[PDB]
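Quick notes on the structure that follows.
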Amino acid sequence: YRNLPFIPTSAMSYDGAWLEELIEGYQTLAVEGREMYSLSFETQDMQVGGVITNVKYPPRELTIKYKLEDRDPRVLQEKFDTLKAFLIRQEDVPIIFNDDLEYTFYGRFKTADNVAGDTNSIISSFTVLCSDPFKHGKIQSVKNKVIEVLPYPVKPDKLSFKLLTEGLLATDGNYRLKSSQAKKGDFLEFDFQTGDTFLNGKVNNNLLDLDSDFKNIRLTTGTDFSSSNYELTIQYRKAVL
Amino acid sequence: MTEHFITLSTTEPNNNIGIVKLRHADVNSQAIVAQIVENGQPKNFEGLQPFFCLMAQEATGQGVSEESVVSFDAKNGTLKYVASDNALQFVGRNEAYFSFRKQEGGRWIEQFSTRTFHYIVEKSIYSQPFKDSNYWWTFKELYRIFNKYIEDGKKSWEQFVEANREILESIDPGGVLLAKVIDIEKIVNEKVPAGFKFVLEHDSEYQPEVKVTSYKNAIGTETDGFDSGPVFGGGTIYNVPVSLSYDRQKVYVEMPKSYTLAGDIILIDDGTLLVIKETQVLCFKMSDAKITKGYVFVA
Amino acid sequence: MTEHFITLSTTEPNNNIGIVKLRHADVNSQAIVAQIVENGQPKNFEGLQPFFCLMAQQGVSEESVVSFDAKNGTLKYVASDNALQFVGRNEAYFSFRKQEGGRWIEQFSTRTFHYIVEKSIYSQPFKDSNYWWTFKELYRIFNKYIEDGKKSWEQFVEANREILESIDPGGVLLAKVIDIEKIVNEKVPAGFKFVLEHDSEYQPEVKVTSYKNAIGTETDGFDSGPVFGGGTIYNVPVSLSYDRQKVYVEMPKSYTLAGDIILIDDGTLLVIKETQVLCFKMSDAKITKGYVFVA
Amino acid sequence: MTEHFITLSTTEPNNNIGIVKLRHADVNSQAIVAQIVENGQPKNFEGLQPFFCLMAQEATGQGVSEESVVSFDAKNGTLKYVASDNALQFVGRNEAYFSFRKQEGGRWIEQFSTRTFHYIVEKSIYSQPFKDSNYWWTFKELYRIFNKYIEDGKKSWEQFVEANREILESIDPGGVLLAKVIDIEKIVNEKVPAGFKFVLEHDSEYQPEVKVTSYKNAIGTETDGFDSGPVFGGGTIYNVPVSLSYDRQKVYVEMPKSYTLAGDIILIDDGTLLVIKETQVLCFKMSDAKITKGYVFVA
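Chains as they are written, first to last, in the working numbering: chain A, 171 to 411; chain B, 24 to 322; chain C, 918 to 1212; chain D, 24 to 322.
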């Protein structure tokens, strides 16, 4: 016969690896919190009704219901020791589900619910706190403008500018990105959103952008940057809640 | 063509992560661009032939599905596999991976493979079965039967005429004579300028060249109105063989008896005249002169 | 010859039918037996010949079926090399034709069905479920013993019938004994024995050489022999024996020489009898006396 | 080829290692790079042959694998085991470990094993068929066939001799040649190598020269103690004629039948070995190499 590891419908891929594959006897039963999201509100109530001061996006935690079983109590203890070592992480980890393979969450193990010290077949649940409540799809490289159906405004990953004129003045109508005394005459400008700025090959953080420039830019479904002054290559990932 | 980018590993235990979705009707367009990585660095498969291995549902054996990848760069660990008709045959949720082997001849030596990725194929209008004549069909099935009716129908007609020819033709010493004469009678009625004569009056004192063409279902001559005919803008155009005869300001155009048409005579502003009888149009084009009158010759 | 018995329909699509697996490079003639059905009942194709038609995978091929029963509707198709071409799920159907005018014309055909072509990759000497290095080395050693042993014995039997059963035992036995006798009297150092006394307390190496017509030993004086400076120099095979300040040099029977013993002013001694010279060269010691062993 | 880097401990459980995943039909590609650890520090298995041990499934009792690891570094405690057909026999979870053993003849001298680790075998398009193990049957049949050769060989030889009995009696009258052949065999048993074979194991990779000498009553070998023999220091020293055969780190020293001596093998810590049986000594001197082990050849 063959002792094949079983992967359930709503299995969890923690740091690229399946826990049910890692630990024999482990099985992901249910995953809660990803299908529905709640918002945080700041309300300044008055005589009649009340105006919304600020709308916040709280970091969501996904509850994972699991079942670990082993006939031998000594091995069972060792199995948990492996589980904990894998889950307990110092940095954020990429999470993908077997039912929603398209997207990727980025969280970390938080708290585990009470676990019984008998039976030898234990069913419990543990929660995984996601600092960013959005699940991101594949990485896409688009020239000048974004025309894709974006459900939520997306913060980019990289902005590859290639000048043609004297100075750089990137605009879409709302955001204005300024760079006075830039490298004119076809020179690449990298604006890595998840790190720092670059000039051609070398890292140039101090000079690259001007004082009134933007790095908090967000992409909507119809964001256009196309201009005769620069050739932009936008690099973003579709974010969903 | 559409490209699908994947960065496949040989060390990282992914098993199922890394989605690629296609659909049934996608002949030679939807191609998979893959980057092979081992321990975080790109893998060189130099000397090893890449293969697209597909683990299709309800179609398993020893060679479930294996196709050699033609476009690849072994130095940087990159490949481009275009999904074949076999790849798209299995509509549903399938598993696939890429193999790399250094085959000597029959027996293999070294064969390393990438982690499994999900290869899902969505149904098309062609893959989905549809109800026709109280029976369930697919497009490919009907298209095969219809083309078979055309192929066998023509072979059956070719033989019908041939067999019926040899009854009158070969089985008689004087029957060949009868058959030959009907054939000559038709070629003379269609290719030789004979039984039809048309007069074209002009302004020129010389001999203007006339060109005659015959066509059915021309623009605005179709029975059920505009664009109702089988071939839009005119069917088949036949260059009418002509025998030209000239008098002072008169052109006698002699045509085969099959092109005989008695309809409405329409004169256009220049050296052009038409004879229209419902769908059938007979066109007269004259060079270096202007048509003043046109009529069928009478004795 | 493996057989697959299935039922085909002309009205309903063939998909719920059993899974048919066929090996690629199979030795056995694989066959498919099909029951033709029109509206769930057998159909009589009397006068019509069934044709196996394969679809493009290009790969359109028409094959005439030899074994068929027109009355009951039971046809037997043999898996050809063209049918077992593409590895995977292949689509095919059966068409019934009548030849009229020297060309086959289709009357009615069965609905397309799928058949999977399996690959024959792994060789007949299959690997054992359990693998043991110790047991595969123990077999190696035991088989080596039984084979090397049989070869040594078979060589012995063969050499016996070569002398005894083959020619004439008597003559052959004498012949080879005289040949061995000649060899041992020329190559083996046993017959002749010479003693060399020395000054060393240890075992000095002695090298013996035999040569005829050497310098100043020719019959008719200096440079009178056929080859000037000496003839052929033969390295005499020796089996050395040692005692205190004495070396016992043993030599073959052909190298026996009782002549004049000449001791040079170094580690060299000669035995000269007319033209034949027997040289005794000794390393790291000086020869003091040389004489033939007598006891 | 694919490398799987893992660290294996002999004293600690191997639970914290990553997922070792490898595909079913991979032949010679899947290399497992293992670092051996004992009480936190690397283990030196110098003089110990590493072995891949795959434990069989408790249900059927099939799938045991005992394989010699080819590439390994004993000094630092690392090994590179390439997955085999038997290693990748079962699709799914597998329980295996590593053994390191010292062998002299057929018996084990010392062995130590790493703690068991788990690895998963992924499904491939190919599925290798495995025949049920028959080690015992193969060994019995080889033994039966060899004993059939004994039985039939004795019968065939007995009939051969008896048929040629009359010829064999009239081969030599009286014993003229027999007395001459007995005289000749005494020479072959003393002055050339015939039937005495001694094996000398060495550290050199080449072919070292060996010189053999035979002497009686050397210091400490005399029957009645020191200086009790007739000749003090030793008797006559005989230079033993040798026929040297060579294998990797082994010298096969053939010697005449008269020099046959089965006694105590004394190895001095250099290029010198002695075989002492009472007063008789057989000395083995080796040039440009050190003797490790000396024994009489057995087959």
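Each residue gets a CB set at the ideal place from its N, CA and C atoms; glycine is no exception.
**Message:** Judging by CA-CA distance, which residue of D/158, D/67 and D/50 is the nearest neighbour of residue 85 of chain D?
**Reply:** Nearest option by C-alpha distance: D/158.
**Item:** Close beta carbons around residue 318 of chain D, own chain, < 6 Å, minus the five adjacent residues each side
**Value:** Excluding residues within five positions, the ones whose Cβ falls inside 6 Å are 222.
**Prompt:** residue 1082 of chain C CB to nearest chain D CB: under 8 Å?
**Reply:** Interface criterion met: the Cβ of residue 1082 of chain C is under 8 Å from a Cβ in chain D.
**Message:** Against chain D, does residue 24 of chain B count as a neighbour if the rule is that its beta carbon must be under 8 Å from one of theirs?
**Reply:** Not a single C-beta of chain D is nearer than 8 Å to the C-beta of residue 24 of chain B.
**Prompt:** In three-state DSSP terms, what is residue 354 of chain A?
**Reply:** Note: residue 354 of chain A maps to coil in three-state DSSP.
**Prompt:** So what's residue 149 of chain D in DSSP terms, helix, strand or just coil?
**Reply:** In the structure shown, residue 149 of chain D sits in coil (DSSP, three-state: anything other than H, G, I, E or B).
**Message:** Just to confirm the assignment, what range does the alpha helix (DSSP H) spanning residue 161 of chain D have?
**Reply:** For residue 161 of chain D, the enclosing alpha helix (DSSP H) has its first and last residue at 158-186.
**Prompt:** Counting only beta-carbon atoms, is residue 148 of chain D nearer than 8 Å to chain A?
**Reply:** Cβ-Cβ to chain A under 8 Å: no for residue 148 of chain D.
**Request:** Determine contact between the stretch 32-49 of chain D and the stretch 139-150 of chain D, defined as no fewer than three beta-carbon pairs at a distance below 8 Å.
**Result:** With the cut-off at 8 Å, the stretch 32-49 of chain D and the stretch 139-150 of chain D touch.
**Request:** Consult DSSP for residue 252 of chain A and reduce its assignment to one of helix, strand or coil.
**Result:** Helix.
**Cβ distance (whole Å) where residue 120 of chain B is taken to contact residue 140 of chain B below 8 Å** = Right, the Cβ-Cβ distance comes to about 7 Å (below 8 Å), so this counts as a contact.
**Prompt:** Any idea which residues DSSP pairs residue 1022 of chain C with across the strands?
**Reply:** Under DSSP, residue 1022 of chain C shares a beta bridge with C/1015.
**Neighbourhood of residue 991 of chain C by C-beta distance below 7 Å, restricted to the same chain and skipping five residues each side** = Within the same chain, and ignoring the five residues on either side of residue 991 of chain C in sequence, the residues whose Cβ sits closer than 7 Å to its Cβ are 950 and 952.
**Prompt:** Among residues of its own chain, excluding the 5 on either side of residue 9 of chain B, which ones have a beta-carbon nearer than 6 Å to its beta-carbon?
**Reply:** Residue 9 of chain B lies beyond the stretch modelled for chain B, which goes from 24 to 322, so this question has no answer here.
**Message:** Among the candidates D/206, D/41, D/175 and D/128, whose CA atom is the shortest distance from the CA of residue 1055 of chain C?
**Reply:** Ranking the options by Cα distance to residue 1055 of chain C, first place goes to D/128.
**Request:** Using the Cα positions of residue 73 of chain B and residue 25 of chain B, report the straight-line distance between them to the nearest angstrom.
**Result:** If you draw a straight line from the Cα of residue 73 of chain B to the Cα of residue 25 of chain B, it comes to about 21 Å.
**Asked** Just to confirm, are residue 218 of chain B and residue 240 of chain B a CB contact at a threshold of 8 Å?
**Response** Not closer than 8 Å, so no.
**Prompt:** Listed in chain order, which residues of the stretch 82-111 of chain D have Cβ atoms closer than 7 Å to some Cβ of chain C?
**Reply:** From the stretch 82-111 of chain D, only 85, 86, 87, 88, 89, 90, 91, 108 and 109 have a Cβ closer than 7 Å to chain C.
**Request:** Just the C-alpha distance for residue 312 of chain B and residue 226 of chain B, rounded to the nearest angstrom, thanks.
**Result:** The alpha-carbon atoms of residue 312 of chain B and residue 226 of chain B are separated by roughly 6 Å.
**Prompt:** To the nearest whole angstrom, what separates the beta carbons of residue 404 of chain A and residue 312 of chain A, a pair I think is in contact under 8 Å?
**Reply:** The Cβ separation is near 5 Å, so the contact holds.
**Request:** Consult DSSP for residue 112 of chain B and reduce its assignment to one of helix, strand or coil.
**Result:** Three-state DSSP puts residue 112 of chain B in a helix.
**Prompt:** So, is the C-beta of residue 1023 of chain C closer than 8 Å to a C-beta in chain B?
**Reply:** Contacts with chain B at 8 Å (Cβ-Cβ) include residue 1023 of chain C.
**Request:** Determine the burial state of residue 191 of chain B: buried for a count of at least 16 other Cβ atoms within 10 Å of its Cβ, exposed for fewer.
**Result:** Residue 191 of chain B is exposed by the Cβ-count criterion.
**Request:** Taking C-beta pairs closer than 7 Å, name the residues in chain B that residue 42 of chain D reaches, listed in chain order.
**Result:** Ordered by position in chain B, the residues that pass the 7 Å Cβ test against residue 42 of chain D are 36.
**Prompt:** Hey, residue 263 of chain B and residue 236 of chain B are a contact pair by Cβ (cut 8 Å); roughly how many whole angstroms apart?
**Reply:** Cβ-Cβ separation between residue 263 of chain B and residue 236 of chain B: approximately 6 Å, consistent with a contact (criterion under 8 Å).
**Message:** Buried or exposed, going by whether 16 or more other CB atoms sit within 10 Å of the CB of residue 409 of chain A?
**Reply:** Buried, because 16 or more other Cβ atoms sit within 10 Å of the Cβ of residue 409 of chain A.
**Message:** So for residue 212 of chain B, helix, strand or coil by DSSP?
**Reply:** Helix at residue 212 of chain B.
**Prompt:** Which residue comes first and which comes last in the alpha helix (DSSP H) that contains residue 887 of chain C?
**Reply:** There is no way to answer for residue 887 of chain C, as the model of chain C reaches only from 918 to 1212.
**Item:** C-alpha gap between residue 170 of chain D and residue 1083 of chain C, whole angstroms
**Value:** About 30 Å.
**Request:** Check residue 1094 of chain C in the structure and name its three-state DSSP category.
**Result:** DSSP places residue 1094 of chain C in helix when its eight states are reduced to three.
**Message:** Classify residue 54 of chain D: buried if its beta carbon has 16 or more other beta carbons within 10 angstroms, exposed otherwise.
**Reply:** By the Cβ neighbour-count rule, residue 54 of chain D is buried, with 16 or more other Cβ atoms within 10 Å of its own.
**Request:** Closer than 9 Å, Cβ to Cβ, to anything on chain B: give me those residues from the stretch 50-70 of chain D, in chain order.
**Result:** Residues 50, 51, 52 and 53.
**Prompt:** Roughly how many angstroms lie between the CA atoms of residue 177 of chain B and residue 189 of chain B, to the nearest whole one?
**Reply:** Between residue 177 of chain B and residue 189 of chain B, the C-alpha separation is close to 19 Å.
**Prompt:** Does any residue of chain B bring its CB to less than 8 Å from the CB of residue 46 of chain D?
**Reply:** Using a Cβ-Cβ cut-off of 8 Å, residue 46 of chain D counts as an interface residue toward chain B, since at least one Cβ of chain B sits closer than that to its own.
**Message:** Against residue 268 of chain A, what residues of chain B qualify as contacts under a CB-to-CB distance less than 8 Å, listed in chain order?
**Reply:** For residue 268 of chain A, the neighbours in chain B by C-beta distance under 8 Å run, in chain order, 39.
**Message:** So if DSSP puts residue 155 of chain B in a beta bridge, which residue, or which two residues, is it bridged to?
**Reply:** Partner residues in the beta bridge of residue 155 of chain B, as assigned by DSSP, are B/158.
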